[PDB]
Amino acid sequence: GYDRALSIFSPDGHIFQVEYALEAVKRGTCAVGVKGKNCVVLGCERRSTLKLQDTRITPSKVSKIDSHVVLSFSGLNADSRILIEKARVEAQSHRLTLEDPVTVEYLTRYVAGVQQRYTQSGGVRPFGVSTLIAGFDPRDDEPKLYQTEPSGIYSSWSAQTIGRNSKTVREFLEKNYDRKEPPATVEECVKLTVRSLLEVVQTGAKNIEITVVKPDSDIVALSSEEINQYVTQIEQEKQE
Amino acid sequence: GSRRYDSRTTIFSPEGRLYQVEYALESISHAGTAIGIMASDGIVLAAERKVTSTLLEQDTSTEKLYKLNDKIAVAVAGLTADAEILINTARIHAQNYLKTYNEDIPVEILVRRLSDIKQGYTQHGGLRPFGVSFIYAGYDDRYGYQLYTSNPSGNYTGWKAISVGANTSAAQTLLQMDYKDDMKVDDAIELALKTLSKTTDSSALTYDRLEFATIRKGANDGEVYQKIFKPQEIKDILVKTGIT
Amino acid sequence: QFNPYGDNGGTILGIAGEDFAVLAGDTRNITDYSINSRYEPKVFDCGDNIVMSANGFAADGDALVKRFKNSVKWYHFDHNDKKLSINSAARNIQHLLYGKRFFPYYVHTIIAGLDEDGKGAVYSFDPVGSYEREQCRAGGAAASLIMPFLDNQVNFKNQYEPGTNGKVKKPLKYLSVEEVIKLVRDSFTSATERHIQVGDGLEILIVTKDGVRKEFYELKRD
Amino acid sequence: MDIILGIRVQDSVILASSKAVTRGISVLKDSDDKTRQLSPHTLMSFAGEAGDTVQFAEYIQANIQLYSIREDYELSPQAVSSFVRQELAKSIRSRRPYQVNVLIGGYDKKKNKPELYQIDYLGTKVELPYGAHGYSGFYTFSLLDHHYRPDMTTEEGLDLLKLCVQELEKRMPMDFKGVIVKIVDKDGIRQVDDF
Amino acid sequence: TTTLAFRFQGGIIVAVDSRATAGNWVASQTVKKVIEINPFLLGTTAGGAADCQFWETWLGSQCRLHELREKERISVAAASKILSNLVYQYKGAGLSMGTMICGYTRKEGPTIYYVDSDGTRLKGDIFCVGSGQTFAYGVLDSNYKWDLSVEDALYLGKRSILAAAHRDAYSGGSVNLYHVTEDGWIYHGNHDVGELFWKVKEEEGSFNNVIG
Amino acid sequence: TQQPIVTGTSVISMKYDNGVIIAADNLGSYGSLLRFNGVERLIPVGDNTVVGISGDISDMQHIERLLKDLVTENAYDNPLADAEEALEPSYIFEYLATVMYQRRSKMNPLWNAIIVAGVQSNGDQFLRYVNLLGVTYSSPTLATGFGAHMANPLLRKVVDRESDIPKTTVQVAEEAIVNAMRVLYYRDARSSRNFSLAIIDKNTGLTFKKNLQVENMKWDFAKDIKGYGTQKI
Amino acid sequence: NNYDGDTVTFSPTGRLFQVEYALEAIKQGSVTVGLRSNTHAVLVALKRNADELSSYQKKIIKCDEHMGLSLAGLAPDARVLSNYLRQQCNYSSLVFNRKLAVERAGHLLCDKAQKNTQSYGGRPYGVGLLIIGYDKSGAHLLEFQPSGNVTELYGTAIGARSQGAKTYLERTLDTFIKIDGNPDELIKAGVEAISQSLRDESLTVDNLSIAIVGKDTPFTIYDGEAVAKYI
Amino acid sequence: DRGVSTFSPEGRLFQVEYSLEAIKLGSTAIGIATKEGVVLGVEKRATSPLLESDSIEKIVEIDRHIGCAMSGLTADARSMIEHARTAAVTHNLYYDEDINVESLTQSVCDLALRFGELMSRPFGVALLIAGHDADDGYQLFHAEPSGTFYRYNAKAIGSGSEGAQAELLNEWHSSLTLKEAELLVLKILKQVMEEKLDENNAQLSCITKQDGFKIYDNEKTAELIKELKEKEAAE
Ligand SMILES: *[B]([O])([O])[C]([C][C]([C])[C])[N]C(=O)[C]([C]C1=[C][C]=[C][C]=[C]1)[N]C(=O)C1=[C]N=[C][C]=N1
Ligand SMILES: [Mg+2]
Ligand SMILES: [Mg+2]
Ligand SMILES: [Mg+2]
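Chains as they are written, first to last, in the UniProt record's numbering: chain R, 3 to 242; chain L, 2 to 245; chain E, 20 to 241; chain S, 1 to 195; chain F, 76 to 287; chain U, 34 to 266; chain G, 4 to 234; chain D, 9 to 125, 133 to 250.
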């Protein structure tokens with residue numbers, strides 16, 4: 003078998019293949035995650051260079067791992083499918099043996115462990131993908147939002163963004179998000195998520211996708227018209 | 002040892018691109034243009050054979066359009082030999098699904114499976130990727146008529162109208178201009194041929210330089226028919242649309 | 020058909036004292052109605068103040084002892100010459116025995132020594148590794164003859180105090196090393212009389228804080 | 001385990017399964033639910049050798065739930081039954097086969113029809129209006145042959161099911177400790193708590 | 076062997092006998108048929124001594140690894156299923172095990188799972204397992220209520236093992252009592268049947284058949 | 034698992050004051066057929082060890098090749114191969130015992146009973162038994178097969194315990210072995226008159242005697258035995 | 004230069020640079036001395052510390068009751084090789100009831116190290132070993148190099164500044180060989196030998212490490228206040 | 009290119025030496041051993057204020073009597089921790105006892121050099144393994160990707176290591192109490208850290224014979240930080 007060590011250290015103590023995988027994430031479309039008091043919202047950018055697309059059948063950016071957890075990403079689309087499939091298999095395996103669905107932290111730890119494994123295994127390159135994993139633990143009403151990256155490190159975030167121009171939207175979230183009082187309602191949380199994407203997106207038409215996840219496996223994806231109403235209200239308040 | 006001669010086909014560039022995928026896409030950009038157009042009552046697949054000869058036996062020839070099952074077909078852009086490897090794998094996958102569930106495979110599931118195979122060659126194994134881009138035209142009872150494309154990266158996307166191979170930039174602009182949502186198959190046939198006729202590097206578009214196919218519900222009652230056009234049938238539709 | 024098991028007879032006996040422990044065993048080795056040897060040592064010093072005997076099928080018995088002695092050696096190498104405690108040895112032996120759960124060592128194993136508080140310890144095993152710390156245990160062919168006698172004369176079972184008539188039990192006073200050796204010798208003499216696979220000689224290993232001592236006694240050779 | 005019954009009526013499928021679990025000479029439990037929900041509109045009951053039954057049922061459950069998440073779509077009862085049959089057909093030529101017989105009751109939301117499939121441990125699948133595994137059918141099929149009509153309501157199906165259980169309680173030697181009854185229709189799966 | 080466990084108001088009572096036999100030969104009267112998996116989990120042993128004791132000792136290692144990895148104690152459901160899935164892999168090889176996995180957690184409350192070597196895994200309120208299980212069932216079923224005091228529940232468990240120790244030839248020796256609560260299990264002593272029988276006979280007025 | 038085909042009968046042996054004696058007849062039986070009359074079943078290893086083998090002859094020849102190969106291997110990169118680092122009886126035995134127990138554990142035994150007789154470096158007598166089951170034991174006298182039942186009783190009258198070994202000379206020990214071989218010829222239906230005998234002494238070394246015969250047999254009394262009870266003629 | 008990328012490449016003058024670079028790792032290691040008489044064999048090792056808070060790296064490893072070694076270079080490689088020796092000593096005991104000859108132990112180490120110098124992918128061992136032992140032919144001392152070369156000697160030293168101790172032993176050859184039935188005097192000679200390799204630092208109580216094996220003396224290691232006697 | 013297991017002309021493994029450079033870039037971790045216990049402390053170093061700092065897990069339990077702190081590419085530590093936990097629990101299963109801290113460390117270090125062309136590269140993380148056993152008492156070990164481990168009375172690893180180690184050189188003595196050690200870790204962490212030290216960006220832990228391994232609450236650490244400020248202002 004092909005056993006070549008692709009991910010290796012350099013004289014300055016860097017693993018360039020892992021670092022170049024982050025550059026692939028930097029190229030990917032922007033993804034954002036914001037958790038409120040009783041919800042988490044996942045915002046995703048759709049680049050409008052591709053029109054004549056069939057939005058019914060085109061792979062959506064946000065993927066359900068289980069009925070209570072979701073996963074969005076930035077980076078290589080093909081790579082993301084492999085992580086999502088493994089995550090979905092592990093979710094069912096956990097239910098089968100532990101007789102309880104995965105916690106959001108556990109699922110994140112698994113996905114992060116897969117990513118790490120691909121940074122010191124022979125004959126493989128790292129995943130060019132960073133993920134945002136969000137949801138609610140079984141029988142728990144505390145919102146959960148985690149991030150992973152090609153190196154395999156993961157951590158919890160009150161709010162976070164990844165992908166292209168993520169530096170800008172992170173700048174926005176850092177000044178606008180208050181920890182002592184997070185978005186109390188679904189409306190406030192979605193509004194803040196759409197606002198953060200409007201700093202980068204371009205047009206607020208079909209370029210913004212929003213997915214709201216609530217406790218007890220209550221997940222729903224907002225439509226174009228529903229999102230367009232948020233876009234309208236934000237700019238009308240801005241004209242002042 | 003052997004390390005000396007390894008090209009390392011599955012690595013990132015400093016910019017975060019996959020060298021071999023990018024170079025495979027460059028190869029595909031010189032291949033004959035293939036176009037897919039999805040309508041409300043069917044799907045059209047049109048493709049240009051590359052600089053043919055008068056001594057090529059056309060009626061028994063097949064380099065662009067292939068049948069995966071009774072409901073799904075593909076248009077090829079790139080290395081034909083690479084494509085046939087993947088086509089035979091896709092045909093088997095469709096039959097495995099049919100044996101397991103006793104139902105025809107949904108289009109997206111077939112597309113995802115092939116796209117995953119392509120992805121694998123970019124991440125592990127140390128082999129070169131498949132220098133192939135597919136346009137998938139298919140039907141199932143969930144989403145109805147569907148158009149997809151996949152490329153050597155293993156990434157796939159859904160489309161209303163799409164082109165692969167040569168002059169896709171020019172072709173996509175023309176499709177984006179004249180395409181409408183309430184369009185029908187007969188109109189889509191005309192759009193496909195007109196787009197090829199303008200983007201072609203050849204002097205004139207003729208029957209012997211084309212492969213053509215449709216997937217219609219235009220079959221007796223609730224069912225789907227695949228029609229791979231014969232040379233004479235391509236010649237007739239060229240006269241009908243007013244190109245020759 | 021090939022039968023991979025055999026029966027080499029013999030009998031063993033472990034008794035735990037207050038600050039000592041003994042492991043005894045006869046020196047006769049047999050197959051069917053023949054004597055192989057009148058003196059074939061069966062109880063072994065395994066190091067770290069632990070004595071061991073694996074009675075039954077001698078080939079499996081030797082194999083197990085050999086592997087445990089090996090385990091003690093590697094325990095020293097891997098853990099900075101640390102002394103293997105009797106409880107740790109017992110758990111290790113369980114895994115050696117259960118490792119061959121589906122092709123068992125056909126033996127009854129007994130180890131003896133001192134626990135980490137310096138008190139006398141005897142552990143007893145079945146062929147597939149189930150074990151238990153005991154104050155008293157006989158093993159092997161004549162185990163059914165010896166154990167009841169030890170229940171009576173070591174644990175004072177079914178004994179009460181005169182005058183009270185079944186009301187007050189006989190108190191469980193501790194036994195000295197001289198008192199235990201008497202019970203061991205009488206156990207084996209009695210077993211030799213009524214069991215054909217027991218005889219020739221008795222070898223006793225006594226374990227104290229000072230180390231491992233040996234005593235040998237003649238048994239009837241018929 | 002012992003008795004599992006199935007009946008497909010006009011607009012639903014009804015599965016009845018005994019509550020007893022017996023090992024040797026003791027009834028260890030009298031409230032055991034011998035079924036698993038594979039999907040919102042598909043239920044599978046099971047009976048066979050101890051351990052194998054639950055292990056197989058939960059394995060199938062996990063696979064269908066995995067499919068549901070991956071495609072965001074519920075498989076048809078026919079598709080699920082074919083998947084289950086293939087697993088059992090694969091199993092019968094294994095080193096140690098799954099010794100499990102199953103009934104699959106589902107409501108096809110596409111065709112708006114209830115469907116009942118009987119599959120044994122060999123991988124023998126049949127679609128039926130009513131079915132049973134083990135010695136149950138030796139009693140219940142004669143009753144069902146007489147009374148069953150294809151346009152029965154759910155309430156009529158339950159009454160006909162009570163007549164089956166009454167016959168079993170009269171003539172079968174084993175005390176199976178009654179049955180848990182579940183109904184599968186367009187609205188999903190629900191349990192009849194009083195039977 | 077006679078082992079039982081039952082749920083009640085004050086948690087769980089676990090009671091076991093102490094006898095081990097090889098045919099008609101009494102191999103031991105001092106066997107520990109309850110295994111302390113952790114301060115909140117107990118396992119009972121019936122059938123093959125080595126099988127039960129090896130794999131329940133092994134189960135404790137798996138449970139300890141779970142709480143190290145997950146920073147949270149393992150559920151009784153998950154602990155029982157680790158054992159049942161393990162023995163299921165060995166099915167047909169000839170393992171002989173009849174066990175109860177007994178514990179308490181916040182999410183579950185007091186829980187008992189019957190796990191055996193055929194792969195059977197059952198949640199329940201009352202279980203008796205072993206050669207003398209039928210004898211224990213007689214006393215338990217006629218006297219069981221949810222509203223039992225810790226003191227009365229303990230005696231019922233003790234008395235049920237005694238009943239089986241008397242009638243079942245392969246049960247006896249002594250009775251080990253455990254009481255599992257919200258704050259963990261609590262050992263309640265070794266009770267020799269040789270003394271317990273006469274004590275119960277005199278005080279309770281039972282066993283009038285026997286002469287004393 | 035198999036069955037023995039061509040077989041060798043008893044191997045007998047004992048210790049004496051300065052060494053050990055071992056003997057075995059020269060027969061290779063094929064069931065009740067006394068097929069091969071020139072089979073050597075005592076195989077010397079160096080000048081300090083003799084391995085006597087009974088049971089399956091095909092497995093004996095395999096073991097013979099292993100020992101031959103063992104000597105070759107020991108000589109490799111060994112300047113003291115004919116001195117301090119020569120093969121000892123204890124080394125040879127332990128090797129065989131390992132192989133025998135390994136083979137029985139794979140359910141494919143070498144169908145033999147083996148006695149390794151020799152003298153160690155320090156002059157100590159070595160005599161130990163091993164068989165197809167991997168069972169091992171040592172004793173002042175050792176014998177396989179019928180020898181165990183008939184030879185041991187006779188040899189144990191000479192050396193009954195360890196303290197009798199220094200009191201037993203080589204002449205007395207050899208006499209007892211030769212008598213035992215005669216008794217086996219009287220009573221073992223799968224024995225032959227012809228046998229080999231080997232003495233390993235700490236002083237005089239290895240003495241290997243071939244083509245020995247059972248002699249001084251008592252048969253004359255047979256003429257007086259008539260009928261099976263009542264018959265007079 | 005161009006021929007040092009891997010172990011599978013000879014240079015134009017017939018040299019194996021990766022093996023030579025592995026040899027260099029030994030020279031960087033702390034000094035250790037080995038010497039023997041007819042009755043006993045002694046190892047003396049100067050242990051090295053990272054800093055004042057750190058412990059002094061152990062240099063001596065026991066392989067059997069009658070054999071052991073001292074290391075200089077990559078310690079993990081010494082652990083791998085010593086583990087192999089333990090197994091080989093143990094195989095000899097279990098199968099043949101025979102204590103492994105020190106000469107044969109050297110042959111086994113040579114062959115194990117050699118395979119790593121001829122195959123692609125692997126690397127040479129980066130450690131040198133001094134093996135002492137007492138077997139059926141008396142006391143022995145071996146020097147192991149990861150090139151594969153093993154040499155039996157009366158005395159030697161390896162590591163940094165080892166040339167000083169090696170010269171001393173070359174002068175003292177006739178004296179220390181005669182130290183029979185006197186372990187303390189043989190150790191004294193070893194401690195005096197390793198002292199010739201010292202600069203700036205001197206032998207302290209937690210710095211020095213000594214081991215001995217002999218006629219009626221199992222392989223035992225002395226550290227801490229047990230070696231204060233010899234300082 | 010060149011082999012992964014290649015020696016440099018100086019006699020060092022290139023990849024091992026390069027992994028040590030990655031560890032220097034890592035966040036600071038400090039360990040101090042006393043007769044009353046061993047203290048382990050780390051710098052969390054959150055990359056952004058939106059990152060919930062309590063999810064940063066750089067101090068980890070291996071067993072009840074053994075704890076562990078990390079520095080460098082912390083993702084690489086997960087398989088090392090898993091192995092350590094398994095080794096600890098497995099030894100308890102085989103021997104019915106706690107495993108020695110040194111033996112546990114040795115088991116972890118056996119993984120280190122299992123790389124070639133096994134894993135494709137060395138670990139890019141250093142570990143401070145602290146614990147207690149009956150034989151050698153309270154112990155602190157520094158496990159490197161070279162496969163080498165040193166025992167230490169006190170040790171600092173990460174970006175501010177040489178500065179912290181020099182400070183530990185002067186401050187450590189054999190009669191230190193547990194409380195004195197806790198404050199000393201906090202003092203040195205505060206010195207080498209970029210951002211100002213508080214309970215949210217720094218974490219403490221200890222291992223004692225009685226209570227075993229414990230990660231300190233943010234409320235408990237906050238008091239020790241306040242106690243530190245006052246005693247420094249006292250002179
Ligand atoms: B109990 O009777 O099931 C008992 C429990 C076990 C934990 C000691 N088992 C045994 O006594 C078994 C035999 C048996 C008797 C009756 C039913 C089932 C099994 N005996 C042993 O496991 C055993 C162990 N060591 C020595 C002898 N016998
Ligand atoms: Mg007799
Ligand atoms: Mg059927
Ligand atoms: Mg398991």
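Even for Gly, the Cβ is constructed at its ideal location relative to N, Cα and C.
- Per the coordinates, the alpha-carbon of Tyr134/U lies some 12 Å from the alpha-carbon of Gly80/E.
- Taken in chain order, the members of the stretch 105-133 of chain F whose beta-carbon sits within less than 8 Å of a beta-carbon on chain D are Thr132, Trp133.
- Proximity of the beta carbon of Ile49/E to ligand 2 is not indicated: no heavy atom of the ligand is located closer than 8 Å.
- For the pair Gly121/L and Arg148/F, the Cα-to-Cα distance works out to about 39 Å.
- Per the coordinates, the alpha-carbon of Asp213/D lies some 29 Å from the alpha-carbon of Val34/R.
- Contact between the stretch 215-232 of chain D and the stretch 60-70 of chain D is present, with at least three C-beta pairs closer than 8 Å.
- Its chain contains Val44, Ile55, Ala57, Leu75, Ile148 as the residues whose beta carbon lies nearer than 6 Å to that of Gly85/U, once the 5 sequence neighbours on both sides are disregarded; these appear in chain order.
- Residues of the stretch 49-83 of chain G that bring their beta carbon within less than 7 Å of a beta carbon in chain E are absent altogether.
- Chain S places a beta carbon closer than 9 Å to that of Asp142/L, counting this residue as a contact.
- By the rule of a C-beta closer than 6 Å to any heavy atom of ligand 1, the residues picked out are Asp145/E, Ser149/E, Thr76/F, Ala95/F, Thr96/F, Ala97/F, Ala102/F, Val106/F, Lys108/F, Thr120/F, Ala121/F, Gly122/F, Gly123/F, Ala124/F, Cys127/F, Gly205/F, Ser206/F, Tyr245/F.
- DSSP places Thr98/D within a helical segment (H, G or I) once states are collapsed to three.
- By alpha-carbon distance to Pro221/G, the top candidate from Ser33/G, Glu68/G, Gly129/G is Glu68/G.
- Counting only heavy atoms of ligand 3, the residues whose C-beta sits closer than 7 Å to one of them are, along the chain, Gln118/S, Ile119/S, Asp120/S, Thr124/S, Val126/S.
- In the DSSP assignment, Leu88/S falls within the alpha helix (DSSP H) that extends over 77-91.
- Per the Cβ contact rule, the stretch 176-195 of chain L is in contact with the stretch 35-47 of chain L (3 or more Cβ pairs under 8 Å).
- By the criterion of a C-beta distance shorter than 7 Å, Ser158/R is surrounded in its chain by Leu147, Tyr148, once the five residues flanking it on both sides are discounted.
- The DSSP-derived three-state label of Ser136/S is coil.
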